[PDB]
Amino acid sequence: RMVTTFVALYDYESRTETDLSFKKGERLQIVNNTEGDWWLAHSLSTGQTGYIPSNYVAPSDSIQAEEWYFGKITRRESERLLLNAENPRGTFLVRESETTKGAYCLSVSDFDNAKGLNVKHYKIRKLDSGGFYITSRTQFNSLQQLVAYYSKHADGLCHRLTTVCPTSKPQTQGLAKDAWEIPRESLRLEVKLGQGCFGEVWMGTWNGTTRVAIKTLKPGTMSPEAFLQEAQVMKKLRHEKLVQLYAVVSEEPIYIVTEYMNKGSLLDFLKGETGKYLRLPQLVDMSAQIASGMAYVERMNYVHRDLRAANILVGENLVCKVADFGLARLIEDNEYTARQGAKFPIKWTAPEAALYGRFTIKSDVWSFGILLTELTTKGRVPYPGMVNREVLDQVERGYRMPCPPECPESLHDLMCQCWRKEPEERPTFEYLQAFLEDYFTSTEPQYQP
Ligand SMILES: Nc1ncnc2c1ncn2[C@@H]1O[C@H](COP(=O)(O)OP(=O)(O)O)[C@@H](O)[C@H]1O
Ligand SMILES: [Mg+2]
Numbered sequence: 081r082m083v084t085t086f087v088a089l090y091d092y093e094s095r096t097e098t099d100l101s102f103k104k105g106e107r108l109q110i111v112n113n114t115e116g117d118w119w120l121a122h123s124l125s126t127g128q129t130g131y132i133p134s135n136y137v138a139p140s141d142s143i144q145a146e147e148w149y150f151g152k153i154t155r156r157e158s159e160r161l162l163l164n165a166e167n168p169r170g171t172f173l174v175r176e177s178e179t180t181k182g183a184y185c186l187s188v189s190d191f192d193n194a195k196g197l198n199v200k201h202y203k204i205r206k207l208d209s210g211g212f213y214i215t216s217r218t219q220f221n222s223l224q225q226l227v228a229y230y231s232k233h234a235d236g237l238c239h240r241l242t243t244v245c246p247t248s249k250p251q252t253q254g255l256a257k258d259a260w261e262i263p264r265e266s267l268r269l270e271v272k273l274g275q276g277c278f279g280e281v282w283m284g285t286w287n288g289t290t291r292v293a294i295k296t297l298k299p300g301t302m303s304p305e306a307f308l309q310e311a312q313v314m315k316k317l318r319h320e321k322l323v324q325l326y327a328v329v330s331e332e333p334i335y336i337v338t339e340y341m342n343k344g345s346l347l348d349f350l351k352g353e354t355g356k357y358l359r360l361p362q363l364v365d366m367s368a369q370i371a372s373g374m375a376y377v378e379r380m381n382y383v384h385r386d387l388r389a390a391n392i393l394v395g396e397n398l399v400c401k402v403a404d405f406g407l408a409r410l411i412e413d414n415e416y417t418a419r420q421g422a423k424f425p426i427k428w429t430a431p432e433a434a435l436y437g438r439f440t441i442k443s444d445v446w447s448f449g450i451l452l453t454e455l456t457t458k459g460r461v462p463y464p465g466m467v468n469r470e471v472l473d474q475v476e477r478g479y480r481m482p483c484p485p486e487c488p489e490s491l492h493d494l495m496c497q498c499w500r501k502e503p504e505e506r507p508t509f510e511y512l513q514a515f516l517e518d519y520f521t522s523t524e525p526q527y528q529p
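Mapping of the sequence shown onto the entry's author numbering: position 367 corresponds to residue 447, and the numbering continues sequentially without gaps.
As structure tokens, then:
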């Protein structure tokens, strides 16, 4: 539209030559309201120029520039951030209301003798004049004044506003502008994060600036021609609960570069000291994150084909994202193609997918039901007293895992819905997400009056 002045929200190290290195606070000259994930910018601070990630800047002198404004973040995700144990009382953020378009919301962390650590949500009424107010008896001209005022007096709020909600730098959309197929010499593998059946995983760095996860397929796993073909679709899948596909190295051995999840896989995270303190409310919430990512996959008319706790990756504040979606199809192994052998996840595979190769989003729904048993058992293998060989015949005859101990029979009933024989009667991920987000009377409710 018209080159305007922007401000940097976070630091960013120049990963390439064409991008722009800038620190939080730098005034940037960018073409206003220009579509894309990478915008051309001119730094009025350093006089340097280059492309910048569009989610690292906001118009100067706008609410988006304020560090306590989190934009279109959900009530459920705001609570995740605010309920962090290291946040003091009065840790807050401002966001948009999900139940009242045009209104804002002040989310604040608080402590109570009944609930303990909880978040209070206060709706902010914006006026035609531009003024904001939480209660009728105290009003302000700007959202900034409101924050300043309640940072000195609770005056009705559960607690004075103390700290702004901590946040980690968001992901850029792609490693760089036009960056997709990269050379192997651009990746530097630093730490082996783990090992799979068809290759290894690595913590590395691209251009020695940005930390990424590098998956290395052993030769013969999949043809580069078909991997690149499918990778043009996986690069389109962008959602907060999907691990982002960054780049690829075409020449075998194929390397897959993805966003790095520091807490490891959900399965391992459910075991050991990490999973000791997890309680059902957190497991249900983690299920809702997974269902949200799969609901996006469901909207894009895509199929995961290998949904299981081992392919869910954990981050800070118990963030969970779906990983390794769409790779299972490209496996060239004759035994995995015919879903046989000790390397096929038969215990997460719907019977019609294992018997007739009918992989659909509904067979992922089946997999989700299995995944829920891993969550409510903290990593226990499905069908524990059964070997792969015998699972498919038992579920084909109608056997279903019973309600695990420490699993509410209401969630096992959800599991059995996912385990219906008829795929088209299995529920959607839109349903599962809403069900699991509202499991504890948690359906968008109760802004404090
Ligand atoms: N994007 C990632 N970020 C951080 N760690 C990862 C990532 N992807 C995989 N890992 C780690 O590497 C290991 C191997 O992953 P993978 O080869 O997909 O094994 P599988 O899918 O069979 O569990 C996992 O246990 C996980 O902890
Ligand atoms: Mg995997």
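We put the CB at the ideal spot given by N, CA and C, even for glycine.
Extent of the continuous alpha helix (DSSP H) to which residue i belongs
{"i": "residue 495", "result": "489 to 498"}
{"i": "residue 313", "result": "304 to 314"}
{"i": "residue 145", "result": "No alpha helix (DSSP H) holds residue 145; DSSP gives it neither H nor E."}
{"i": "residue 225", "result": "223 to 230"}
Nearest residue (CA-CA) to residue i, options the options
{"i": "residue 149", "options": "334, 441, 176", "result": "176"}
{"i": "residue 224", "options": "249, 146, 453, 277", "result": "146"}
{"i": "residue 173", "options": "165, 157, 166", "result": "157"}
{"i": "residue 414", "options": "406, 424, 405", "result": "424"}
{"i": "residue 183", "options": "151, 167, 452", "result": "151"}
{"i": "residue 432", "options": "461, 478, 395, 467", "result": "478"}
{"i": "residue 142", "options": "210, 119, 181, 103", "result": "210"}
{"i": "residue 154", "options": "126, 185, 132, 462", "result": "185"}
{"i": "residue 493", "options": "476, 446, 351, 245", "result": "446"}
{"i": "residue 165", "options": "396, 427, 508", "result": "396"}
{"i": "residue 442", "options": "501, 472, 452", "result": "501"}
{"i": "residue 474", "options": "206, 266, 488, 427", "result": "427"}
{"i": "residue 162", "options": "204, 241, 464, 529", "result": "241"}
{"i": "residue 98", "options": "129, 110, 374", "result": "129"}
{"i": "residue 529", "options": "252, 439, 213, 327", "result": "213"}
Near ligand 2: residue i beta-carbon under 7 Å from a heavy atom
{"i": "residue 404", "result": "yes"}
{"i": "residue 221", "result": "no"}
{"i": "residue 373", "result": "no"}
Endpoints, beta strand (DSSP E) assigned at residue i
{"i": "residue 110", "result": "107 to 111"}
{"i": "residue 435", "result": "Element bounds for residue 435: not the beta strand (DSSP E) but the alpha helix (DSSP H), 431 to 436."}
{"i": "residue 409", "result": "Where residue 409 is concerned, there is no enclosing beta strand (DSSP E), although the alpha helix (DSSP H) it sits in stretches over 407 to 410."}
{"i": "residue 99", "result": "Looking at the DSSP string, residue 99 is not in any beta strand (DSSP E), and its letter there is neither H nor E."}
{"i": "residue 160", "result": "Taken as a continuous stretch (DSSP letters only), residue 160 belongs to no beta strand (DSSP E), being part of the alpha helix (DSSP H) at 155 to 162."}
{"i": "residue 85", "result": "83 to 88"}
{"i": "residue 22", "result": "Outside the displayed range of the chain (81 to 529) lies residue 22, so it cannot be described from this structure."}
{"i": "residue 220", "result": "218 to 220"}
Cβ-heavy atom distance, residue i to ligand 1, below 7 Å
{"i": "residue 390", "result": "yes"}
{"i": "residue 340", "result": "yes"}
{"i": "residue 273", "result": "yes"}
{"i": "residue 269", "result": "no"}
{"i": "residue 277", "result": "yes"}
{"i": "residue 293", "result": "yes"}
{"i": "residue 393", "result": "yes"}
{"i": "residue 459", "result": "no"}
{"i": "residue 248", "result": "no"}
{"i": "residue 344", "result": "yes"}
{"i": "residue 281", "result": "yes"}
{"i": "residue 444", "result": "no"}
{"i": "residue 141", "result": "no"}
{"i": "residue 99", "result": "no"}
{"i": "residue 323", "result": "yes"}
Pairwise C-alpha distance: residue j and residue i
{"i": "residue 486", "j": "residue 108", "result": "54 Å"}
{"i": "residue 404", "j": "residue 196", "result": "37 Å"}
{"i": "residue 321", "j": "residue 233", "result": "37 Å"}
{"i": "residue 333", "j": "residue 410", "result": "15 Å"}
{"i": "residue 519", "j": "residue 364", "result": "8 Å"}
{"i": "residue 467", "j": "residue 113", "result": "57 Å"}
{"i": "residue 429", "j": "residue 369", "result": "21 Å"}
{"i": "residue 461", "j": "residue 134", "result": "43 Å"}
{"i": "residue 83", "j": "residue 289", "result": "29 Å"}
{"i": "residue 296", "j": "residue 526", "result": "48 Å"}
{"i": "residue 249", "j": "residue 472", "result": "44 Å"}
{"i": "residue 490", "j": "residue 324", "result": "33 Å"}
{"i": "residue 245", "j": "residue 361", "result": "22 Å"}
{"i": "residue 255", "j": "residue 346", "result": "25 Å"}
{"i": "residue 523", "j": "residue 132", "result": "37 Å"}
{"i": "residue 124", "j": "residue 257", "result": "21 Å"}
{"i": "residue 400", "j": "residue 418", "result": "30 Å"}
{"i": "residue 90", "j": "residue 292", "result": "18 Å"}
Proximity test, residue i beta-carbon vs ligand 3 heavy atom, cut-off 7 Å
{"i": "residue 348", "result": "Looking at this structure, you won't find ligand 3 anywhere; what it does contain is ligand 1 and ligand 2."}
Just list the beta strand (DSSP E) runs in the region 358 to 395, keeping only unbroken ones of 3 residues or longer that don't cross its boundaries, in chain order. 392 to 394
Output the residue ranges of the alpha helix (DSSP H) runs that lie fully inside the region 413 to 476 and measure 4 residues or longer, sorted by chain position. Counting whole runs of 4 or more residues, the region 413 to 476 contains the alpha helix (DSSP H) stretches 414 to 417, 431 to 436, 441 to 456, 468 to 476.
Considering only residues of the region 239 to 288, which uninterrupted beta strand (DSSP E) runs meet the minimum length of 3 residues and lie entirely inside it, listed in chain order? 267 to 275, 279 to 286
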